[PDB]
Amino acid sequence: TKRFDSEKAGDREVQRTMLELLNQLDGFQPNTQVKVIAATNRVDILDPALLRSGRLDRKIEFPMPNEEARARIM
Amino acid sequence: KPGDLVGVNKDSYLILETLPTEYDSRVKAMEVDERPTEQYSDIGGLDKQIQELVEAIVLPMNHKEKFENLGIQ
Amino acid sequence: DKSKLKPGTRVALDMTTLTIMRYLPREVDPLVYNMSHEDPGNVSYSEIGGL
Amino acid sequence: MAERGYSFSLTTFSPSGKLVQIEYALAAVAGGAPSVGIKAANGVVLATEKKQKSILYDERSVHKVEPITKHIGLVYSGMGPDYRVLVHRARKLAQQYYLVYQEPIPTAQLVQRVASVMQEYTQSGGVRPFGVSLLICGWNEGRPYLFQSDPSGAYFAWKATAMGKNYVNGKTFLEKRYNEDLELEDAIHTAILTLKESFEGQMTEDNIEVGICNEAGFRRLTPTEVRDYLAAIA
Amino acid sequence: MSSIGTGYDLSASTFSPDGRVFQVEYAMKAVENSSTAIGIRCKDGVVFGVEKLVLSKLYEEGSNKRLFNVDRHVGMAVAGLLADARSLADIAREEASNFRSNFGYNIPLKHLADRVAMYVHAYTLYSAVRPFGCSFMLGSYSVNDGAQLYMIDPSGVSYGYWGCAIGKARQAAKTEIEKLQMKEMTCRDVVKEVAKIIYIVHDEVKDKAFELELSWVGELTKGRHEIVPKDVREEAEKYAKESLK
Amino acid sequence: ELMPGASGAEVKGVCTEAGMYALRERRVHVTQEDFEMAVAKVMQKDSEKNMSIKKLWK
Amino acid sequence: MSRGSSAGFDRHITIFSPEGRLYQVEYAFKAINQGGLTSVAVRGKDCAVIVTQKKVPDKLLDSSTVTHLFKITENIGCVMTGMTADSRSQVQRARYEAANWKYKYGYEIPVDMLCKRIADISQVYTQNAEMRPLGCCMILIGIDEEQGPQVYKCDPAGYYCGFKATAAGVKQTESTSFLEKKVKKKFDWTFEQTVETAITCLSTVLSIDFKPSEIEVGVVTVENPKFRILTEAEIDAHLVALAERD
């Protein structure tokens, strides 16, 4: 996660690695044809640069289930 | 070209051989392992969602011609 | 030619008698060389447009 | 209100012997625009410079010099938001005192009364200690009064004091030029010198305001007069 | 958002570097998780429709009330978590109740939507009480504006709508409303149509059964707000099932 | 009396500065008048740091 | 770091900080940009005009209902700029304050006085740790009962001052700069000219040029004290006028 003003620690190997995904991810270096299946329980901790539509185009929800959905699993 | 591996002899620096460009050991782990089927019917409920994932992920790769016909990226 | 060899440029030397054997072109880094040579993706001017 | 609320104090002492938030507040008054207040002993003059820096302010009303009532005036230092409550507060107090005495609030008395409310704001929770310093002027009972009210609550009665940008330099000039019981002309002149000490808030007439208290009440001065006093200082 | 270990998402009298409280956003997910409430503005009245999920087969209509009658001309249709919906219902009822009794005329909605949203928002500001994780609509027939429908979000923002849906498939429902002209159409036809959108939303492979509560405030009832008459209610559901297939 | 100081550096600087004024002027001695100009220079530099809320390190 | 550092509990609630203001207070300024609205305020000498972007995020809205222009009194009109959640809430608070004067005084409240009562109100929010400051600012227009048309704006932290020209928005500093050159070069102010300055300045910085249903213009003229909504036809009229200036 980028948000650093860290002069006290905070590694910044980790800073490079999130930034690098964007780099690969811009159109200049192809990524049109390859899909990335991204998964997170918390999108409540991420930033918009990594997420946000048209960088990872489709955004698929899975809301809580209901009785029929319970019915088929059982 | 730049990025290519090439061998060179230690005892006197001549090019031993030419090798093609290749990934780290960690990356080899990252490559395919494959996962087995839960089958669409068999993975219980969430019906509207089976459609959303199938359409997005697997179809543009496998059922590619229909997408080319749509004209989308 | 004495003129070819300068502070900026590179030379190759005998490892066994250190006389300048020959001249080599300037300093370069392999990462730089590929970045300059290549231009993938291209990118259309039209898109950024309207702004 | 429609919630539980707070009541815990945001200030805790130190084994230093200090209260932490008032020291941060003191930094904010210094970050202001120069405001000086001198009691001459032939009237009280409060002068300030106001950073507008565009003169797209059609103020014929609110300013950094605002009259509280007809023989009290107020000038601040620091930030504007904290001023807004204090100026309204002072007007209310002016009204409370007007009803019984019917001579609007005296300066010695005003400060004690503001000081008590300021102290609560530190002492209590769901409120916070100011970071404005007020300079209060008044002429009432045939004596001029000048007080300075600190963002903690403290009040000191001064002959001449400075606040706002480069106050340390201001207070030191004030001691040298001004000595106690000099004339109304000296008080005004040094007052405008402190603003000139360091300006940088657009040099046009409407960017300095002075308001003067004297025997006949309090009025704020037109920006054009203020400029004439400045013009002398190079 | 952030998941800081002291405040910001753990308080709500604290704004983020950008100026937003993460706590209202977590609450905004809650309307999405359960069933939809649709409500469209007519000009002879307003027609509301909330699908009430048959969770238990031993319930009767009036259970897990998503439809409230705010006054005798004001409705409230909610979507999202029912506990925050109840609070919002209680305030709305008292605000509407004083206005008919005292003034003697029907309430213009636009002010009412602003006041209730003020209530939502005042609580967001506070860290001592919570943002409301419901989205709800208010609908009224007036003699100063005619029909009005306003939708207030879990953030306390009010906008007027010709036709709204808040729930687990906003995108599918809004679009169906766009295609149709119900904006100035007669309330009677609308009853059938609002039910039919509920039918698309509902799945027989994500839900078993629902019980339709629609509410009239329109020309049948002569502008009186009642929960849908049993005959009409059935007629409208009957059409909804028949027309898909 | 005139300097309020702030450092041993400030004290030391009054002397060094008097040499810089004498050199400019091309004196072959250091005069009493030079020290007067120097303190005053040094003083002024202190005041700039005082305004900024700084010690001797920025 | 800065703008997110503990020094008391001042990056959480209002108390001063190392920055010489308040962190919590500064998020409340930062908050204005998020809403996405930008406003230009010009003070005429026959009217006082505010133009602000009207946030339209659906195609299922009725035009009349969806606005940010509010009638505070039959003398004062306003636009809300910043976060819309905070906008509805401040307006309802103001309204009680306007009404409170209204019975006592027996006449329409001055634009200066309306701004003074609300400004102080925004200060209570700011002084308190019980609630966070408003994410919005209310910018007032009105005919002052002798001074003339007046434009006052109260901050989201609540301080108010008078203006010839004001701007608040996403880009607060740049709009204000564009706006001083329009004042300097003085075309003079009639009903149409002053409205025209105001819209163009909002268009030039952001570099859009609008539809009449995505800007809103609100005036208080000396035709009558009552505040009016001009509606799309008259707003369109002003848009076309902007061409081939000055």
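We read in the header that electron microscopy, 12.3 Å was used to get this structure.
In case you wondered, yes, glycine gets a Cβ from its N, Cα and C as well.
Straight from Swiss-Prot, the features:
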- E:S2: N-acetylserine (MOD_RES)
- E:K57: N6-acetyllysine (MOD_RES)
- E:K206: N6-acetyllysine (MOD_RES)
- E:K230: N6-acetyllysine (MOD_RES)
- E:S243: phosphoserine (MOD_RES)
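A distance below 8 A between C-beta atoms marks E:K206 as the modified residues from E:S2, E:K57, E:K206 lying next to chain B. Recorded residues the residue listed as 'phosphoserine' and E:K230 (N6-acetyllysine) have their alpha carbons 20 Å apart, per Cα-Cα distance. Looking only at the modified residues E:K57, E:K206, the densest Cβ neighbourhood within 10 Å occurs at E:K206.
If you compare Cα positions, E:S2 (N-acetylserine) sits closest to E:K206 out of the modified residues E:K57, E:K206, E:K230. Counting every protein chain shown, the number of other Cβ atoms lying within 10 Å of the Cβ of the residue listed as 'phosphoserine' is 12. In sequence order there is nothing to list, since none of the modified residues E:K57, E:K230, E:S243 has a CB under 8 Å from a CB of chain A.
E:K206 (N6-acetyllysine) is 16 Å away from E:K57 (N6-acetyllysine) when you measure Cα to Cα. A separation of roughly 26 Å, to the nearest angstrom, links the Cα atoms of E:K206 (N6-acetyllysine) and E:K230 (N6-acetyllysine). E:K57 (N6-acetyllysine) carries neither a helix nor a strand DSSP state and counts as coil. E:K230 (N6-acetyllysine): 9 other CB atoms within 10 A of its CB, across all protein chains. Counted within 10 Å of its Cβ, the other Cβ atoms near E:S2 (N-acetylserine) come to 18, all protein chains included.
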